[PDB]
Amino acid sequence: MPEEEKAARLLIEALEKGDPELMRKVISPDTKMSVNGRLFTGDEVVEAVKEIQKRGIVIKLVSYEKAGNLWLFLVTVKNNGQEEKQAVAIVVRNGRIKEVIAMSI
């Protein structure tokens, strides 16, 4: 399995399990994440994952695509009968994620 696929898999697993220690394996101190325009940098990203789990938010992968270093995922996000889809784009370089955007659909 190529390094880029391992990193994408771990990112998804970190979101699906709300696992900050998995998130730490794939990000770097200058990773940027935008969630509907709210910006998180570095360790803020890890803390945002911890809040997924604390809030009981359930994330599941629907589908994905890839073009070079860019990946795009469709996920469902559920919080007690509230449910939406999000598009999550990532840039993976050498097994680490530099940039993440999540947008609600």
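In this text, residue numbers run from 1 along the sequence as written.
Comparing 76-84 with 63-71, the stretch with the higher mean C-alpha B-factor in the PDB entry is 76-84. Higher mean CA temperature factor between 3-11 and 96-104: 3-11, per the PDB entry.
The deposited CA B-factor of residue 24 belongs to the lowest third of values across its chain. Placement of the Cα temperature factor of residue 46 within the chain: middle third of the modelled residues, per the deposited record.
Looking at the C-alpha B-factors along this chain, the one for residue 58 belongs to the middle third.
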